[PDB]
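Beneath this line is the structure, given in structure tokens, with notes to follow.
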RNA sequence: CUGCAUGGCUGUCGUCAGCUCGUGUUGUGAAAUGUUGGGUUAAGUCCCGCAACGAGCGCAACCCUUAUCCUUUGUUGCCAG
RNA sequence: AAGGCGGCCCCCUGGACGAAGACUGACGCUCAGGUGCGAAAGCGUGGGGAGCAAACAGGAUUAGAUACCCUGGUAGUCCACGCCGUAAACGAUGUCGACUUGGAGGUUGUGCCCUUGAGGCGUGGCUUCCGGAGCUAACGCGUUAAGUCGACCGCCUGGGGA
RNA sequence: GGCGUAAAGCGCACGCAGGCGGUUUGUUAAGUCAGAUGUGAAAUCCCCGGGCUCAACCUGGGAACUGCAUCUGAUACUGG
Ligand SMILES: [Mg+2]
Ligand SMILES: [Mg+2]
Ligand SMILES: [Mg+2]
Ligand SMILES: [Mg+2]
Ligand SMILES: [Mg+2]
Ligand SMILES: [Mg+2]
Ligand SMILES: [Mg+2]
Ligand SMILES: [Mg+2]
Ligand SMILES: [Mg+2]
Ligand SMILES: [Mg+2]
Ligand SMILES: [Mg+2]
Ligand SMILES: [Mg+2]
Ligand SMILES: [Mg+2]
Ligand SMILES: [Mg+2]
Ligand SMILES: [Mg+2]
Ligand SMILES: [Mg+2]
Ligand SMILES: [Mg+2]
Ligand SMILES: [Mg+2]
Ligand SMILES: [Mg+2]
Ligand SMILES: [Mg+2]
Ligand SMILES: [Mg+2]
Ligand SMILES: [Mg+2]
Ligand SMILES: [Mg+2]
Ligand SMILES: [Mg+2]
Ligand SMILES: [Mg+2]
Ligand SMILES: [Mg+2]
Ligand SMILES: [Mg+2]
Ligand SMILES: [Mg+2]
Ligand SMILES: [Mg+2]
Ligand SMILES: [Mg+2]
Ligand SMILES: [Mg+2]
Ligand SMILES: [Mg+2]
Ligand SMILES: [Mg+2]
Ligand SMILES: [Mg+2]
Ligand SMILES: [Mg+2]
Ligand SMILES: [Mg+2]
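Chains as they are written, first to last, in the working numbering: chain A, 1 to 156; chain B, 1001 to 1208; chain C, 2001 to 2225.
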């Protein structure tokens, strides 16, 4: 029931006395079709072990995102280390207008109508961290109503 | 160019010879040629049979070939049909009266020559070598081996650059002399070349 | 259940000096005597009783409790408290990943059991006597480290720690695993990773025995209840 | 003919004491820890300490031979009485 | 203010800080262009010239040695008055102001307690080190910010070519 | 968008023009905000429709033309 997407695989290296040792890294993201999203980053000498370590870490360290019906709640921004990221709630059925890693993370996030833009570095690890930070700090009308101590109708 | 053959190094301690006879120097190499020709013949005939170890013993000028195989039904056929067919040609080669016994190989997943020939047959019918090495290790560690190491070599997937790969599960002490390491090696003659397969299986230490 | 002059007699209000203190302990320090901060026992008592109330809730319903102190002064006291309330203890070094890598530590719980089986009941006489001494000092070391949790089987449900920095690793592993933390937080410690902060001294053997006997009490009372 | 298409086998650094993995943790990451430190050893040998806990290939031993003794059997070997 | 400033004495002189009060009453901040200061080396005129020392000379070294090493040694270094107007002129961090957990010092004032000792409790200026949140590509910075903000100025836009 | 180290803080400072400006009251209404009028050619773009067998196309009405001027007001902020 948790849909799982790998974003990108990459071969890294490590130079030793014998020569170059190659390894593989895997960036996977999981989600429940709702606000529960979580990513993982595994690494091994072999690709199925790296995707399995990534899905293993992604199934835990899940994060909860207060969605609306199928879209966001307010235009939110997210940063991590190279990637300022803008995302915006959109009308019904305009699709996921997003780049690379953000399409996979919002698709398993269960969003369906976004207008996104990734500025800066588009490294999938940091931009998926920047989207996780943006969706995590996106706040609902209930949370702001309980916070300000007013009703939702007093907030409009 | 580094490692000794683990059978030949274990031959005085925990492993038996595959030929246990005696002769003087006059009839030594003639008996050893007759043993070579009969192991050649029996391997070509029982190629589809999962034969592992042909033991030859000759008392009183009468050869006795003990075939170890995982299934004796295809080696025998009808009761004394194919065994008798192979017996009359063994007696033709050795020039002496023959006798054929068949020892069944319990657990064919724990015999290095059978695993190596299954991998070779799989590579010949073009399967992925990593899948074959995985299934050989998972089957052997499930069947109860204390440790297996497999290794293929050369022209993998038709690549022009030959490389080697090896998997290992469990402990395989080659330097331990009392370790029961079943070691054997097969060769796959693909259209891109020759792929060499080695397999070590550690069952445990004999406490003699 | 413990009065303020009870704490003042045991030495709970003592702490560390003014050049070792954490600025997060500002809402817990009463004053500063002899260039040493003084812990506000006015806020110590109702927080220690809130912790003992939640301890009485979990040990009422048979939650698993792990007592953690390896100060080489409260090691026997935390052992006697965990064997009083038949709970689990860590008196010698907290192994890195004792909770998170439980599935690896389990294979040494099993090794400690099989060595105890072999030697006491198993009578594992008749070995190579040099191996009989390597088995002996292995089993002594494993009992000295993992003997307090050898019957636990699973993850504990609450962790009571005597010092948040001598045992800061167990705080992080509990914070990862979602296990609640009850801790005697001194002036030189960080009160953020601890879910139930208890101000008080950490090196005083009388105060450690007061804390532990009050916890082994409200657990035995919740078990019997 | 091609060892620069390969198997197998062999040299070599080097019988040097090293090389790695699993889970965990740290770091955006390449990676790191473990494997480092205090001693010690022929040895990543062992002990203690330690966010590591464990495990594998190797380091050692198990093999052969020599060095002392015992029992058994004494020819084609032996000669104390 | 920066460059920079090191025996002692006198003369002239600028700035900083502290303590109580008194006073003026926003008189303030920044600054293109502009003006002024601005290490060493260098230039001009006039002196001076011990030591050091570019250049140069000789000796070695070296395959060579227009170098390092050695023995010498001239401008220069010094003074007066002018010019030049540059440095890795660096904290490689523009100036002014406000707020934001701490610790150990150094220096320089000053208040109080019986200074019952050179102590005890504070309150200002400047300064060094470590380090938390936060920030940062990381290194690291971290109340003297490279944190959070405001005002103004200067500058950048791939590497050479330059 | 940046300027410790990747390009980038003038060597430092004073300072004219310029930019900015503590707090209180009163007043002004310049900026600002609201409304009205005039204008902002038509076409074009957009919306709702109509017509060519449909569409392209043609076309009706509207909105829009984010602007400027004048007048009537408002006085929090900035300015005087
Ligand atoms: Mg990680
Ligand atoms: Mg870019
Ligand atoms: Mg060799
Ligand atoms: Mg070659
Ligand atoms: Mg070869
Ligand atoms: Mg690891
Ligand atoms: Mg190493
Ligand atoms: Mg060491
Ligand atoms: Mg070892
Ligand atoms: Mg060895
Ligand atoms: Mg006045
Ligand atoms: Mg200027
Ligand atoms: Mg000069
Ligand atoms: Mg001159
Ligand atoms: Mg002159
Ligand atoms: Mg002179
Ligand atoms: Mg000279
Ligand atoms: Mg310059
Ligand atoms: Mg400097
Ligand atoms: Mg500069
Ligand atoms: Mg200025
Ligand atoms: Mg610092
Ligand atoms: Mg900033
Ligand atoms: Mg700043
Ligand atoms: Mg910066
Ligand atoms: Mg830029
Ligand atoms: Mg540079
Ligand atoms: Mg630069
Ligand atoms: Mg500067
Ligand atoms: Mg004003
Ligand atoms: Mg006004
Ligand atoms: Mg007006
Ligand atoms: Mg208007
Ligand atoms: Mg028009
Ligand atoms: Mg129509
Ligand atoms: Mg006014």
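Using N, Cα and C, we set each Cβ at its ideal position, and we do this for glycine too.
Query raised in the report: Below 8 Å between beta carbons: does that hold for residue 1051/B and residue 1180/B?
Result: Position 51 of the second chain, counted from the first residue, corresponds to residue 1051/B. Position 180 of the second chain, counted from the first residue, corresponds to residue 1180/B. For the pair residue 1051/B and residue 1180/B, the CB atoms are not nearer than the 8 Å cut-off.
Report task. Would you be able to state if there are at least three C-beta pairs under 8 Å between the region 2014-2022 of chain C and the region 2209-2223 of chain C? Result -> no
Query - Helix, strand or coil at residue 1064/B according to DSSP, with G and I counted as helix - result: Position 64 of the second chain holds residue 1064/B. Correct three-state label for residue 1064/B: strand.
Query - Beta-carbon separation (whole angstroms), residue 2078/C vs residue 2162/C, contact threshold 8 Å - result: Working through the third chain from its first residue, we reach residue 2078/C at position 78. Working through the third chain from its first residue, we reach residue 2162/C at position 162. About 7 Å; that satisfies the 8 Å criterion.
Query - Coil, strand or helix - residue 2190/C by DSSP - result: What you label residue 2190/C is simply residue 190 of the third chain in a count that begins at 1. For residue 2190/C, the secondary structure class from DSSP, reduced to helix, strand or coil, is coil.
Query raised in the report: Below 8 Å between beta carbons: does that hold for residue 1041/B and residue 1004/B?
Result: Here residue 1041/B is taken as the residue at index 41 of the second chain, counted from 1. Here residue 1004/B is taken as the residue at index 4 of the second chain, counted from 1. Between residue 1041/B and residue 1004/B, the C-beta spacing is not below 8 Å.
**Report entry** Residues that residue 1200/B bridges to, as DSSP identifies them
**Finding:** Taking the first residue of the second chain as position 1, residue 1200/B is located at position 200. For residue 1200/B, which the question treats as bridged, DSSP gives the partners 1149/B and 1183/B.
**Report entry** Reduced DSSP category for residue 1138/B - H, G, I as helix; E, B as strand; rest coil
**Finding:** Mapped onto the second chain, residue 1138/B falls at position 138. Helix, per DSSP.
**Report entry** Residues of its chain near residue 1205/B, where Cβ-Cβ distance is below 6 Å and the 5 sequence neighbours each way are ignored
**Finding:** For the purposes of this step, residue 1205/B is taken as residue 205 along the second chain, with counting starting at 1. If we look at residue 1205/B and ignore the five residues flanking it on each side, its Cβ neighbours are 1178 and 1179.
Query raised in the report: Alpha carbon to alpha carbon, what distance is there between residue 1127/B and residue 1135/B?
Result: Here residue 1135/B refers to the residue found at position 135 when the second chain is read from its first residue. Here residue 1127/B refers to the residue found at position 127 when the second chain is read from its first residue. Approximately 12 Å between the Cα atoms of the pair.
Requested in this report: State yes or no: is the C-beta of residue 160/A within less than 8 Å of the C-beta of residue 108/A?
Outcome: Any property of residue 160/A remains undetermined from this structure, which presents chain A solely from 1 to 156.
Requested in this report: Would you mind reading off the limits of the beta strand (DSSP E) that contains residue 2066/C?
Outcome: Working through the third chain from its first residue, we reach residue 2066/C at position 66. From DSSP, the beta strand (DSSP E) with residue 2066/C extends over 2065-2068.
Requested in this report: Please confirm if the region 2094-2102 of chain C is in contact with the region 2181-2188 of chain C, defined as three or more CB-CB distances below 8 Å between the two stretches.
Outcome: no
Query raised in the report: Smallest Cα separation from residue 92/A: which of 123/A, 69/A and 99/A?
Result: Locating residue 92/A in the first chain gives position 92, where the first residue counts as 1. For residue 92/A, the nearest C-alpha among the options comes from 69/A.
Query raised in the report: residue 1023/B: buried (16+ other C-beta within 10 angstroms of its C-beta) or exposed?
Result: What you label residue 1023/B is simply residue 23 of the second chain in a count that begins at 1. Taking a 10 Å sphere around the C-beta of residue 1023/B, we find fewer than 16 other C-beta atoms and assign the residue as exposed.
Query raised in the report: Helix or strand or just coil, what does DSSP make of residue 1097/B?
Result: Here residue 1097/B refers to the residue found at position 97 of the second chain. Coil at residue 1097/B, not helix or strand.
Query raised in the report: With C-beta atoms as the reference, is residue 2204/C less than 8 Å away from residue 2011/C?
Result: Translated into the one-based positions of the third chain, residue 2204/C becomes position 204. Translated into the one-based positions of the third chain, residue 2011/C becomes position 11. In contact: residue 2204/C and residue 2011/C (Cβ atoms closer than 8 Å).
Report task. From the DSSP output, in three-state form, read off residue 1102/B for me. Result -> Position 102 of the second chain, counting from 1, holds the residue named residue 1102/B. In the three-state scheme derived from DSSP, where H, G and I count as helix and E and B as strand, residue 1102/B is classed as strand.
Query raised in the report: Taking Cβ positions, are residue 124/A and residue 7/A nearer each other than 8 Å?
Result: Counting from 1 along the first chain, the entry for residue 124/A is found at position 124. Counting from 1 along the first chain, the entry for residue 7/A is found at position 7. Cβ atoms of residue 124/A and residue 7/A: closer than 8 Å.
Requested in this report: Enumerate in chain order the residues of its own chain whose CB-to-CB distance from residue 1171/B is below 8 Å, with the five nearest sequence positions on each side excluded.
Outcome: For the purposes of this step, residue 1171/B is identified with residue 171 of the second chain, where counting begins at 1. So the list reads 1146, 1147 and 1202, once near-sequence residues are dropped.
Requested in this report: In the DSSP assignment, find the alpha helix (DSSP H) that holds residue 2204/C and state where it starts and stops.
Outcome: Here residue 2204/C refers to the residue found at position 204 of the third chain. In the DSSP assignment, residue 2204/C falls outside any alpha helix (DSSP H), carrying neither H nor E.
Query - Under the three-state DSSP convention, the category residue 1008/B falls into - result: Mapped onto the second chain, residue 1008/B falls at position 8. Of the three classes helix, strand and coil, the one that applies to residue 1008/B here is helix, per DSSP.
Query raised in the report: In angstroms, rounded to a whole number, what distance separates the CA positions of residue 2206/C and residue 2146/C?
Result: The residue given as residue 2206/C occupies position 206 in the third chain. The residue given as residue 2146/C occupies position 146 in the third chain. C-alpha separation (whole angstroms): 26 Å.
**Report entry** Start-end ranges of the beta strand (DSSP E) lying completely within the region 18-61 of chain A, minimum 3 residues
**Finding:** 20-31 and 37-44
Query - At least three beta-carbon pairs within less than 8 Å, the region 1110-1122 of chain B to the region 1143-1163 of chain B - result: yes
Report task. Work out the CA separation of residue 128/A and residue 25/A for me, nearest whole Å. Result -> Sequence index remark: in the first chain, residue 25/A carries index 25 (1-based). Sequence index remark: in the first chain, residue 128/A carries index 128 (1-based). Rounded to whole angstroms, residue 25/A to residue 128/A spans 15 Å at the Cα level.
Query raised in the report: Could you give the residue range of the alpha helix (DSSP H) that holds residue 1036/B?
Result: On the second chain, position 36 is the one that residue 1036/B refers to. Element bounds for residue 1036/B: 1028-1045.
Query raised in the report: Are residue 2070/C and residue 2167/C touching if we call contact CB-CB under 8 Å?
Result: Residue numbering aside, residue 2070/C sits at position 70 when the third chain is read from its first letter. Residue numbering aside, residue 2167/C sits at position 167 when the third chain is read from its first letter. Yes, the Cβ-Cβ distance between residue 2070/C and residue 2167/C is below 8 Å.
Query raised in the report: DSSP three-state call for residue 2025/C: helix, strand or coil?
Result: Residue mapping note: residue 2025/C aligns to position 25 of the third chain, counting from 1. It is helical.
Query raised in the report: Can residue 99/A and residue 122/A be called in contact, C-beta distance under 8 Å?
Result: On the first chain, residue 99/A is found 99 positions in, with the first residue counted as 1. On the first chain, residue 122/A is found 122 positions in, with the first residue counted as 1. Yes, the Cβ-Cβ distance between residue 99/A and residue 122/A is below 8 Å.
**Report entry** Spatially closest choice to residue 1158/B from 1192/B, 1173/B and 1020/B, by CA coordinates
**Finding:** The residue labelled residue 1158/B in the question sits at position 158 within the second chain. For residue 1158/B, the nearest C-alpha among the options comes from 1192/B.
Query raised in the report: Taking the DSSP output, what are the residues bridged to residue 6/A?
Result: Translated into positions along the first chain, residue 6/A becomes position 6. Bridge partners of residue 6/A: 28/A.
Query raised in the report: What residue does the beta strand (DSSP E) around residue 2160/C start on, and which one ends it?
Result: Translated into positions along the third chain, residue 2160/C becomes position 160. Residue 2160/C -> beta strand (DSSP E) spans 2158-2161.
Query - Run of the beta strand (DSSP E) containing residue 201/A, from where it starts to where it stops - result: There is simply no residue 201/A to check, as chain A begins at 1 and stops at 156 in what is shown.
Query raised in the report: What are the boundary residues of the alpha helix (DSSP H) that residue 124/A is part of?
Result: Counting from one through the first chain, the residue named residue 124/A turns up at place 124. 124-136 is the span of the alpha helix (DSSP H), which, as asked, contains residue 124/A.
Report task. State yes or no: is the C-beta of residue 1100/B within less than 8 Å of the C-beta of residue 1065/B? Result -> Counting from 1 along the second chain, the entry for residue 1100/B is found at position 100. Counting from 1 along the second chain, the entry for residue 1065/B is found at position 65. Yes, they are a contact pair.
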